[PDB]
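Here is model-v6.txt, consisting of compact mmCIF, C-alpha atoms and all ligand atoms:
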```txt
# COMPACT_ATOMS: atom_id res chain seq x y z
CA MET A 1 0.05 -38.78 0.95
CA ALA A 2 -0.89 -35.13 0.09
CA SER A 3 -3.68 -34.49 -2.54
CA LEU A 4 -4.15 -31.61 -5.11
CA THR A 5 -6.01 -29.30 -2.72
CA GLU A 6 -3.23 -29.79 -0.07
CA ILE A 7 -0.48 -29.02 -2.67
CA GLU A 8 -2.32 -25.80 -3.66
CA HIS A 9 -2.66 -24.88 0.04
CA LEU A 10 1.12 -25.34 0.46
CA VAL A 11 1.81 -23.03 -2.59
CA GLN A 12 -0.23 -20.25 -1.01
CA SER A 13 1.18 -20.50 2.50
CA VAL A 14 4.77 -20.53 1.04
CA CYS A 15 3.88 -17.43 -1.04
CA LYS A 16 2.29 -15.72 1.96
CA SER A 17 5.31 -16.57 4.26
CA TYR A 18 7.69 -15.15 1.66
CA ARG A 19 5.63 -11.93 1.17
CA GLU A 20 5.61 -11.30 4.97
CA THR A 21 9.38 -11.85 5.37
CA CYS A 22 10.80 -9.76 2.55
CA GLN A 23 13.17 -7.07 3.74
CA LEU A 24 12.24 -4.86 0.75
CA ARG A 25 9.00 -4.56 -1.23
CA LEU A 26 9.55 -5.26 -4.95
CA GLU A 27 7.48 -2.15 -5.86
CA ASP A 28 9.78 -0.01 -3.68
CA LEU A 29 12.88 -1.44 -5.43
CA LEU A 30 11.35 -0.81 -8.87
CA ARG A 31 10.26 2.78 -8.05
CA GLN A 32 13.91 3.60 -7.05
CA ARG A 33 15.56 2.40 -10.30
CA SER A 34 16.31 6.05 -11.38
CA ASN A 35 17.99 6.86 -7.99
CA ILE A 36 21.59 5.95 -9.02
CA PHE A 37 24.86 6.81 -7.23
CA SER A 38 26.65 9.78 -8.88
CA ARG A 39 30.34 9.58 -10.03
CA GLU A 40 31.34 11.42 -6.78
CA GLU A 41 29.38 9.03 -4.54
CA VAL A 42 30.95 5.98 -6.23
CA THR A 43 34.42 7.55 -5.66
CA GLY A 44 33.56 8.01 -1.97
CA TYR A 45 32.71 4.30 -1.64
CA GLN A 46 35.94 3.30 -3.44
CA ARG A 47 38.03 5.61 -1.20
CA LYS A 48 36.52 4.03 1.98
CA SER A 49 38.87 1.67 3.87
CA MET A 50 38.55 -2.08 3.18
CA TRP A 51 37.56 -2.80 6.81
CA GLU A 52 34.86 -0.05 6.81
CA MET A 53 33.26 -1.47 3.62
CA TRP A 54 33.44 -5.07 4.94
CA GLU A 55 31.70 -4.01 8.16
CA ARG A 56 28.90 -2.22 6.24
CA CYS A 57 28.37 -5.19 3.92
CA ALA A 58 28.35 -7.78 6.74
CA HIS A 59 25.83 -5.53 8.55
CA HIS A 60 23.54 -5.48 5.45
CA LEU A 61 23.97 -9.26 5.02
CA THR A 62 23.09 -9.86 8.71
CA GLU A 63 19.85 -7.84 8.32
CA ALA A 64 18.89 -9.87 5.18
CA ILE A 65 19.70 -13.20 6.92
CA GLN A 66 17.41 -12.14 9.82
CA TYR A 67 14.44 -11.89 7.38
CA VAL A 68 15.44 -15.38 5.96
CA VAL A 69 15.38 -16.85 9.51
CA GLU A 70 11.84 -15.43 9.88
CA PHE A 71 10.86 -16.92 6.48
CA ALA A 72 12.06 -20.36 7.75
CA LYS A 73 10.11 -19.97 11.04
CA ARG A 74 6.95 -19.29 8.98
CA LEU A 75 7.65 -22.13 6.48
CA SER A 76 5.16 -25.00 7.01
CA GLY A 77 6.96 -27.94 8.64
CA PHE A 78 10.22 -26.15 9.58
CA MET A 79 9.44 -25.56 13.29
CA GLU A 80 8.25 -29.22 13.56
CA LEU A 81 11.88 -30.37 12.77
CA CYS A 82 14.38 -30.67 15.64
CA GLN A 83 16.58 -27.66 16.64
CA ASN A 84 19.76 -29.33 15.31
CA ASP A 85 18.13 -29.71 11.86
CA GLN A 86 16.67 -26.17 11.88
CA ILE A 87 20.21 -24.82 12.56
CA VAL A 88 21.92 -27.14 10.04
CA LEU A 89 19.48 -25.93 7.34
CA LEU A 90 19.87 -22.22 8.22
CA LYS A 91 23.71 -22.42 8.36
CA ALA A 92 23.89 -24.02 4.93
CA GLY A 93 20.94 -22.26 3.27
CA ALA A 94 20.39 -18.74 4.67
CA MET A 95 23.15 -17.18 2.50
CA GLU A 96 21.99 -19.19 -0.58
CA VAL A 97 18.46 -17.72 0.03
CA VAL A 98 19.93 -14.17 0.33
CA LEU A 99 21.82 -14.76 -2.96
CA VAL A 100 18.51 -15.71 -4.73
CA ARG A 101 16.43 -12.87 -3.07
CA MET A 102 19.12 -10.39 -4.17
CA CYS A 103 17.97 -10.65 -7.86
CA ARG A 104 14.95 -8.48 -6.89
CA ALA A 105 17.28 -5.60 -5.91
CA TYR A 106 19.23 -5.99 -9.20
CA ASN A 107 18.60 -3.98 -12.43
CA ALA A 108 19.77 -5.94 -15.53
CA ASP A 109 19.24 -2.87 -17.83
CA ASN A 110 22.27 -1.08 -16.30
CA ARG A 111 23.82 -3.92 -14.15
CA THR A 112 23.26 -2.09 -10.84
CA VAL A 113 22.19 -3.26 -7.38
CA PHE A 114 20.25 -1.43 -4.63
CA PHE A 115 22.61 -0.58 -1.76
CA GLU A 116 22.17 1.98 1.03
CA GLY A 117 19.38 3.95 -0.70
CA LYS A 118 20.56 3.96 -4.32
CA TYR A 119 21.59 1.74 -7.24
CA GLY A 120 25.25 1.25 -8.02
CA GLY A 121 27.41 -0.99 -10.17
CA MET A 122 30.12 -3.55 -9.38
CA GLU A 123 32.71 -0.77 -9.04
CA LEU A 124 30.95 0.56 -5.89
CA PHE A 125 32.47 -2.45 -3.99
CA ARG A 126 36.10 -2.13 -5.23
CA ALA A 127 37.32 -1.33 -1.66
CA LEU A 128 36.37 -4.86 -0.46
CA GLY A 129 39.28 -6.39 -2.46
CA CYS A 130 36.73 -9.08 -3.59
CA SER A 131 36.39 -8.17 -7.29
CA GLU A 132 36.16 -11.83 -8.45
CA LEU A 133 33.48 -12.67 -5.81
CA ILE A 134 31.60 -9.39 -6.60
CA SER A 135 31.67 -10.33 -10.34
CA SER A 136 30.28 -13.83 -9.58
CA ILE A 137 27.43 -12.35 -7.50
CA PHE A 138 26.55 -9.79 -10.22
CA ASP A 139 26.65 -12.59 -12.88
CA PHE A 140 24.43 -14.82 -10.73
CA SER A 141 21.89 -11.97 -10.30
CA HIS A 142 22.10 -11.29 -14.05
CA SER A 143 21.44 -14.95 -14.81
CA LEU A 144 18.37 -15.04 -12.42
CA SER A 145 17.04 -11.83 -14.06
CA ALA A 146 16.99 -13.59 -17.47
CA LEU A 147 14.36 -16.01 -16.01
CA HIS A 148 11.86 -13.17 -15.23
CA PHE A 149 10.77 -14.84 -11.96
CA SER A 150 7.43 -13.87 -10.46
CA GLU A 151 7.38 -13.30 -6.66
CA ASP A 152 5.53 -16.65 -6.18
CA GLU A 153 8.27 -18.45 -8.16
CA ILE A 154 11.03 -16.99 -5.96
CA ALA A 155 8.97 -17.95 -2.85
CA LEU A 156 8.72 -21.61 -3.95
CA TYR A 157 12.30 -21.78 -5.24
CA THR A 158 13.83 -20.23 -2.05
CA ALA A 159 11.79 -22.60 0.19
CA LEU A 160 13.46 -25.49 -1.72
CA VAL A 161 16.92 -23.86 -1.40
CA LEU A 162 16.40 -23.86 2.40
CA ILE A 163 14.63 -27.27 2.77
CA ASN A 164 17.41 -29.48 1.33
CA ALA A 165 17.49 -33.07 2.71
CA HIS A 166 21.07 -33.69 1.47
CA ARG A 167 22.70 -31.22 3.93
CA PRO A 168 25.33 -32.99 6.04
CA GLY A 169 24.48 -33.05 9.74
CA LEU A 170 20.75 -33.80 9.56
CA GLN A 171 19.60 -36.14 12.32
CA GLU A 172 16.11 -36.74 10.88
CA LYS A 173 16.92 -36.99 7.12
CA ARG A 174 13.49 -38.59 6.34
CA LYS A 175 11.41 -35.79 7.94
CA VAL A 176 13.32 -33.19 5.85
CA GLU A 177 13.03 -35.47 2.72
CA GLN A 178 9.22 -35.55 3.19
CA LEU A 179 9.02 -31.73 3.50
CA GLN A 180 11.39 -31.22 0.52
CA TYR A 181 9.17 -33.56 -1.57
CA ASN A 182 5.95 -31.65 -0.70
CA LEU A 183 7.65 -28.35 -1.58
CA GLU A 184 8.93 -29.87 -4.87
CA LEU A 185 5.35 -30.95 -5.71
CA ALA A 186 4.09 -27.44 -4.84
CA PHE A 187 6.76 -25.75 -7.03
CA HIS A 188 6.33 -28.09 -10.03
CA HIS A 189 2.51 -27.91 -9.66
CA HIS A 190 2.65 -24.10 -9.73
CA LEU A 191 4.98 -24.13 -12.78
CA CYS A 192 2.73 -26.61 -14.60
CA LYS A 193 -0.44 -24.59 -13.81
CA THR A 194 1.14 -21.29 -14.98
CA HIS A 195 2.85 -22.78 -18.12
CA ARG A 196 6.32 -22.00 -16.70
CA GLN A 197 7.93 -25.51 -16.62
CA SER A 198 10.49 -24.27 -19.21
CA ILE A 199 12.43 -22.56 -16.36
CA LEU A 200 13.29 -26.00 -14.88
CA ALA A 201 16.18 -26.56 -17.29
CA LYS A 202 17.36 -22.93 -16.80
CA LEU A 203 17.55 -22.87 -12.96
CA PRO A 204 21.16 -22.65 -11.67
CA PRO A 205 22.91 -25.92 -10.73
CA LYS A 206 23.07 -26.56 -6.92
CA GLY A 207 26.90 -26.46 -7.08
CA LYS A 208 26.71 -22.80 -8.25
CA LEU A 209 25.08 -21.58 -4.98
CA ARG A 210 27.53 -23.77 -3.01
CA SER A 211 30.52 -22.20 -4.91
CA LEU A 212 29.34 -18.59 -4.14
CA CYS A 213 29.02 -19.38 -0.42
CA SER A 214 32.40 -21.06 -0.34
CA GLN A 215 33.99 -18.00 -2.02
CA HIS A 216 32.31 -15.74 0.55
CA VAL A 217 33.79 -17.84 3.44
CA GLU A 218 37.27 -17.88 1.75
CA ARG A 219 37.35 -14.07 1.22
CA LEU A 220 36.12 -13.60 4.84
CA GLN A 221 38.96 -15.80 6.15
CA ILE A 222 41.47 -13.66 4.17
CA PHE A 223 39.96 -10.45 5.65
CA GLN A 224 39.77 -11.81 9.24
CA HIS A 225 43.43 -12.93 9.09
CA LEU A 226 44.46 -9.31 8.24
CA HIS A 227 41.91 -7.59 10.55
CA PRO A 228 41.06 -9.96 13.48
CA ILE A 229 40.14 -7.21 15.95
CA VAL A 230 37.81 -5.56 13.39
CA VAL A 231 35.85 -8.83 13.06
CA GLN A 232 35.79 -9.42 16.81
CA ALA A 233 34.81 -5.83 17.76
CA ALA A 234 32.65 -4.53 14.84
CA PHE A 235 31.14 -7.50 12.92
CA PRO A 236 27.62 -8.66 13.86
CA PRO A 237 27.52 -11.70 16.18
CA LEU A 238 25.07 -13.54 13.85
CA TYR A 239 27.46 -13.03 10.89
CA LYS A 240 30.45 -14.51 12.80
CA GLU A 241 28.36 -17.49 13.92
CA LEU A 242 27.32 -18.30 10.31
CA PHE A 243 30.53 -17.55 8.43
CA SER A 244 33.58 -17.17 10.71
CA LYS A 245 24.23 -19.05 20.15
CA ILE A 246 22.34 -16.25 18.22
CA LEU A 247 20.49 -18.70 15.96
CA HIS A 248 19.15 -20.65 18.96
CA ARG A 249 17.71 -17.40 20.41
CA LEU A 250 16.13 -16.32 17.07
CA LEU A 251 14.52 -19.76 16.64
CA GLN A 252 13.09 -19.85 20.23
CA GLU A 253 11.40 -16.41 19.83
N1 LIG B 1 28.78 -9.02 3.90
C1 LIG B 1 28.17 -9.02 2.94
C2 LIG B 1 27.44 -9.04 1.70
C3 LIG B 1 26.18 -8.45 1.66
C4 LIG B 1 25.37 -8.52 0.53
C5 LIG B 1 25.81 -9.28 -0.56
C6 LIG B 1 27.10 -9.81 -0.55
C7 LIG B 1 27.93 -9.69 0.56
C8 LIG B 1 29.41 -10.24 0.49
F1 LIG B 1 29.90 -10.55 1.74
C9 LIG B 1 29.57 -11.57 -0.32
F2 LIG B 1 29.55 -11.34 -1.63
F3 LIG B 1 30.73 -12.18 -0.05
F4 LIG B 1 28.60 -12.43 -0.04
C10 LIG B 1 30.45 -9.19 -0.02
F5 LIG B 1 30.26 -8.89 -1.30
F6 LIG B 1 30.37 -8.06 0.67
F7 LIG B 1 31.70 -9.64 0.10
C11 LIG B 1 24.87 -9.60 -1.69
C12 LIG B 1 23.42 -9.53 -1.27
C13 LIG B 1 23.14 -8.11 -0.79
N2 LIG B 1 21.81 -7.98 -0.17
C14 LIG B 1 20.71 -7.73 -0.92
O1 LIG B 1 20.82 -7.34 -2.07
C15 LIG B 1 19.33 -7.89 -0.28
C16 LIG B 1 18.98 -9.37 -0.10
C17 LIG B 1 17.62 -9.51 0.58
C18 LIG B 1 16.51 -8.83 -0.24
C19 LIG B 1 15.12 -8.95 0.38
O2 LIG B 1 15.01 -9.77 1.40
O3 LIG B 1 14.19 -8.32 -0.06
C20 LIG B 1 16.87 -7.36 -0.49
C21 LIG B 1 18.25 -7.23 -1.14
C22 LIG B 1 21.91 -8.26 1.27
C23 LIG B 1 23.24 -7.62 1.65
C24 LIG B 1 24.11 -7.63 0.37
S1 LIG B 1 24.69 -5.80 -0.01
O4 LIG B 1 23.53 -5.06 -0.41
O5 LIG B 1 25.46 -5.34 1.11
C25 LIG B 1 25.76 -5.94 -1.40
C26 LIG B 1 27.10 -6.22 -1.20
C27 LIG B 1 27.88 -6.66 -2.26
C28 LIG B 1 27.29 -6.76 -3.49
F8 LIG B 1 28.02 -7.30 -4.50
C29 LIG B 1 26.00 -6.41 -3.74
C30 LIG B 1 25.22 -5.98 -2.68
```
Could the structure of this file be written out as structure tokens, please?
Amino acid sequence: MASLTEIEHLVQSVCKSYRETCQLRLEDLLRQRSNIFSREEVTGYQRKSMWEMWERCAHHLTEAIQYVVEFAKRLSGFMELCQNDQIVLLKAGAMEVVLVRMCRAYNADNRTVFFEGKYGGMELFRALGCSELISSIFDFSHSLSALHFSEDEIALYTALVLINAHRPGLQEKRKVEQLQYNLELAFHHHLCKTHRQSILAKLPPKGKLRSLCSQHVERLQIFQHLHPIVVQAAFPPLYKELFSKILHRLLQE
């Protein structure tokens, strides 16, 4: 099954689907690299209350997950799967996809990330009381930056992050296995064609993305225990559903 011309067609539709569902244009993120938060602005973020910062971050994460849901809906084969499998894949992989896409908003030259209009370092997020998780996320973005990914490479890699046939809870394992295999062929074909197969050994282990998501859920549980009414009243419904239905509505649309 699937010939060379069909593999190349898959590469291009995956790249198109990714281009259409990016929250931020890479050119826009690059043109803003000089717009950095001043010492006073950083101090203002640090002085914000823990709950205020958590709410802002969960709001920005919910917006980014919404673009990832749209990427999945445009991904060839995803809407053909059953609703249980579409939801199992989004619950386990949407945050992993946001974690990979985030490297585009990262600047390795000064170790800053784009956040609310400007670039700021790790210290911008000190009010979260997450410094170990923040460090891991900045290290993961730093390690993806060292690979110099093209946009097409991130498109093929993130499709594979999402279409993972090993996720527990899949009712039609074989249909997801088939789609994962076609996407693997498309990614390796594109790497072979562009002389970029050397990145294969340098891609992060799958346990690394799993560990970052687990840490996110653990720090959220700590925060929700101390501020349960804040989570209930001011956190986005889609965020609580994924990390603490909305997904069923987004997938029907
Ligand atoms: N709620 C949140 C939350 C939200 C986000 C991240 C982490 C968390 C946590 F939770 C954590 F770490 F636990 F996961 C944190 F840190 F707050 F605790 C990392 C990805 C980031 N992000 C992006 O950089 C986007 C991704 C999509 C991309 C595109 O589609 O083009 C544009 C850039 C989405 C939200 C955002 S953020 O900007 O609020 C931000 C927050 C902390 C940080 F260390 C760096 C950035």
*Looking at A:62, A:17, A:194, A:12, which one is nearest to residue 75 of chain A, with distances taken over all atoms listed in the file?*
A:17
*Produce as a ChimeraX atom specification the set of residues near ligand LIG 1 (chain B), where near means within 8 Å with only C-alpha atoms and all ligand atoms considered.*
/A:21-26,53-65,67-68,95,98-106,113-116,122,125,128,130,133-135,137-138,212-213,215-217,219-220
Since we have the selection now, will you write its residues out, keeping C-alpha atoms, as a compact mmCIF listing (two decimals), in the frame of the given file?
```txt
# COMPACT_ATOMS: atom_id res chain seq x y z
CA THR A 21 9.38 -11.85 5.37
CA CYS A 22 10.80 -9.76 2.55
CA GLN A 23 13.17 -7.07 3.74
CA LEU A 24 12.24 -4.86 0.75
CA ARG A 25 9.00 -4.56 -1.23
CA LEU A 26 9.55 -5.26 -4.95
CA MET A 53 33.26 -1.47 3.62
CA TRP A 54 33.44 -5.07 4.94
CA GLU A 55 31.70 -4.01 8.16
CA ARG A 56 28.90 -2.22 6.24
CA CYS A 57 28.37 -5.19 3.92
CA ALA A 58 28.35 -7.78 6.74
CA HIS A 59 25.83 -5.53 8.55
CA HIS A 60 23.54 -5.48 5.45
CA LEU A 61 23.97 -9.26 5.02
CA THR A 62 23.09 -9.86 8.71
CA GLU A 63 19.85 -7.84 8.32
CA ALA A 64 18.89 -9.87 5.18
CA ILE A 65 19.70 -13.20 6.92
CA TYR A 67 14.44 -11.89 7.38
CA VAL A 68 15.44 -15.38 5.96
CA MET A 95 23.15 -17.18 2.50
CA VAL A 98 19.93 -14.17 0.33
CA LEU A 99 21.82 -14.76 -2.96
CA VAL A 100 18.51 -15.71 -4.73
CA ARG A 101 16.43 -12.87 -3.07
CA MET A 102 19.12 -10.39 -4.17
CA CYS A 103 17.97 -10.65 -7.86
CA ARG A 104 14.95 -8.48 -6.89
CA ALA A 105 17.28 -5.60 -5.91
CA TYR A 106 19.23 -5.99 -9.20
CA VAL A 113 22.19 -3.26 -7.38
CA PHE A 114 20.25 -1.43 -4.63
CA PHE A 115 22.61 -0.58 -1.76
CA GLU A 116 22.17 1.98 1.03
CA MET A 122 30.12 -3.55 -9.38
CA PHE A 125 32.47 -2.45 -3.99
CA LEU A 128 36.37 -4.86 -0.46
CA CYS A 130 36.73 -9.08 -3.59
CA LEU A 133 33.48 -12.67 -5.81
CA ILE A 134 31.60 -9.39 -6.60
CA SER A 135 31.67 -10.33 -10.34
CA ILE A 137 27.43 -12.35 -7.50
CA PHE A 138 26.55 -9.79 -10.22
CA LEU A 212 29.34 -18.59 -4.14
CA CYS A 213 29.02 -19.38 -0.42
CA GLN A 215 33.99 -18.00 -2.02
CA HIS A 216 32.31 -15.74 0.55
CA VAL A 217 33.79 -17.84 3.44
CA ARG A 219 37.35 -14.07 1.22
CA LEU A 220 36.12 -13.60 4.84
```
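When all atoms listed in the file are used to compute distances to residue 34 of chain A, the closest of the residues A:110, A:197, A:83, A:211 turns out to be A:110.
Neighbouring residues of residue 123 of chain A at 12 Å or closer, counting all atoms listed in the file and skipping chain neighbours under 4 positions away, are residues 37, 39, 41, 42, 43, 44, 45, 46, 47, 111, 112, 113, 119, 127, 128, 129, 130, 131, 132, 134, 135 and 138 of chain A.
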Writer output for current selection, C-alpha atoms, as a PDB file, in the coordinates of the input:
```pdb
ATOM      1  CA  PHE A  37      24.860   6.810  -7.230  1.00  0.00           C
ATOM      2  CA  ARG A  39      30.340   9.580 -10.030  1.00  0.00           C
ATOM      3  CA  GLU A  41      29.380   9.030  -4.540  1.00  0.00           C
ATOM      4  CA  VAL A  42      30.950   5.980  -6.230  1.00  0.00           C
ATOM      5  CA  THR A  43      34.420   7.550  -5.660  1.00  0.00           C
ATOM      6  CA  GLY A  44      33.560   8.010  -1.970  1.00  0.00           C
ATOM      7  CA  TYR A  45      32.710   4.300  -1.640  1.00  0.00           C
ATOM      8  CA  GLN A  46      35.940   3.300  -3.440  1.00  0.00           C
ATOM      9  CA  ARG A  47      38.030   5.610  -1.200  1.00  0.00           C
ATOM     10  CA  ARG A 111      23.820  -3.920 -14.150  1.00  0.00           C
ATOM     11  CA  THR A 112      23.260  -2.090 -10.840  1.00  0.00           C
ATOM     12  CA  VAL A 113      22.190  -3.260  -7.380  1.00  0.00           C
ATOM     13  CA  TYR A 119      21.590   1.740  -7.240  1.00  0.00           C
ATOM     14  CA  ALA A 127      37.320  -1.330  -1.660  1.00  0.00           C
ATOM     15  CA  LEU A 128      36.370  -4.860  -0.460  1.00  0.00           C
ATOM     16  CA  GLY A 129      39.280  -6.390  -2.460  1.00  0.00           C
ATOM     17  CA  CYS A 130      36.730  -9.080  -3.590  1.00  0.00           C
ATOM     18  CA  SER A 131      36.390  -8.170  -7.290  1.00  0.00           C
ATOM     19  CA  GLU A 132      36.160 -11.830  -8.450  1.00  0.00           C
ATOM     20  CA  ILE A 134      31.600  -9.390  -6.600  1.00  0.00           C
ATOM     21  CA  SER A 135      31.670 -10.330 -10.340  1.00  0.00           C
ATOM     22  CA  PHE A 138      26.550  -9.790 -10.220  1.00  0.00           C
TER      23      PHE A 138
END
```
*Quick one: distance from atom CA of residue 96 of chain A to atom CA of residue 225 of chain A in Å, one decimal?*
24.3 Å
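Nearest residue to residue 183 of chain A, choosing from A:35, A:141, A:124, A:77 and counting only C-alpha atoms: A:77.
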